Structures are given as structure tokens and as C-alpha cells.
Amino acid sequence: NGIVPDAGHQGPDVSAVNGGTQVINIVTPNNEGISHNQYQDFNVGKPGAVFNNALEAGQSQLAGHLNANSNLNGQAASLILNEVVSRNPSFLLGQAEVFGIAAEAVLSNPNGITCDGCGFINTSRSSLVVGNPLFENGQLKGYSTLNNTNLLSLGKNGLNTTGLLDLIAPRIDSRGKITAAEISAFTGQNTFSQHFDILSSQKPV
């Protein structure tokens, strides 16, 4: 309910289980392992959210027993790309868990992202991008925060993840603790590779 998929082929199925935890059945990844999910809304409440990246049934940490994600056809996602395509900013107030095969997770929302006690579980790398993914010939090429003044805001209850965290936004505000192994933080209006290497920058004249 805080997570509302886009209508087309890139909108994943969203359900909820006991406690309110939302379960996202991510869309079929391409052959490079990218599951490109599109949303009208992407907000995570205190009950948290689970990306079902599992090819067999099992036990998730936030949502109990889940079956396999029937959208996966012999390959799990290696990168779970979550892209908000409406004007609605994102509010992340609980944990997002990758259930099944560990993967990288990206949330892009050019309207703004606020993380207050948010977090990522079973993810090798996590990225919050106040910006858009860039595509060419249908392949992910990187990310853009060009022509954007919106904000990535880390609230008092902070952000908890493992491994690599990318924080990519025109502006970044913070009011608490950021738990991760390394943080790559890039402010300003820029374009980036898929690995968040900076490729170009837009500067006032």
C-alpha cells in the first residue's frame, strides 16, 4: 500500500502479510540480472518491505515463509532496480529485505527520498538515488541527477546497511547515524556509470 507498482510490464506485484510488511514480487530480470521495477509510489513503513528474489520457497526475516517468485525464470536478480516514475517522493521508515538470492538494490526517485530508520538486509550494495536511471538500447547505462534540486534526507533514526552504500542526490541532509562499510556520497547535478563513477557534472554559469 505504501508501495504501488506502475501499470505496465515493469510493475511488480505487491502484497502484504502479517504486521503490514509489504512483499514485492520483482519483475523478471533481463539476462544481465537487472530486475527493472517501476512504481507510482515507493514508501516503506516501520513494518518493512521484502523483495522476493527467490527461486525456491523459504523463510524471510521480515515476512515469514514465502514461496518462490513466479516472475523469475531460472535466474534471480543480481541488481534490483526500483524506479519511481510519478511525482511522489519516497519515505523509508523501515527495513527493506532481499529474500532469496542476495542482490544489489537501488531506489531511484527524482522527487526526493527521506530515510528515517530505513535499512537494507541481504544486499551486497545499496543505493539511494534522487535522480533517474539512464538507458540506451534498452540497457541500463548509469544514473543522472541532472536538472534536479531535490533532496535525500536522512532522519534522526538514521540508515543501517551492510557493505557499500551509495548516497546520490542534488542535496543531502542528515540528522543521525549512517551505518555501512563505506559510503560513496555524491551531491550536485551529475551523471554516473552503473557503478556510480561520476562521468560528468552540470554547473551553474
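So that there is no doubt, residue numbering starts at 1 and follows the sequence shown.
For the segment pair 112-120 and 67-75, the entry gives 67-75 the higher mean B-factor, averaged over Cα atoms. Higher mean CA temperature factor between 144-152 and 32-40: 32-40, per the PDB entry. When the C-alpha B-factors of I172, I178, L165, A57 are ranked from the entry, the top spot goes to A57. When all modelled residues of the chain are sorted by CA temperature factor, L199 is found within the middle third.
Among the modelled residues of its chain, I183 has a C-alpha B-factor that falls in the middle third according to the deposited record. Per the deposited record, the Cα B-factor of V27 falls in the highest third when ranked against the other modelled residues of its chain.
Per-chain ranking of the deposited C-alpha B factor places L62 in the highest third.
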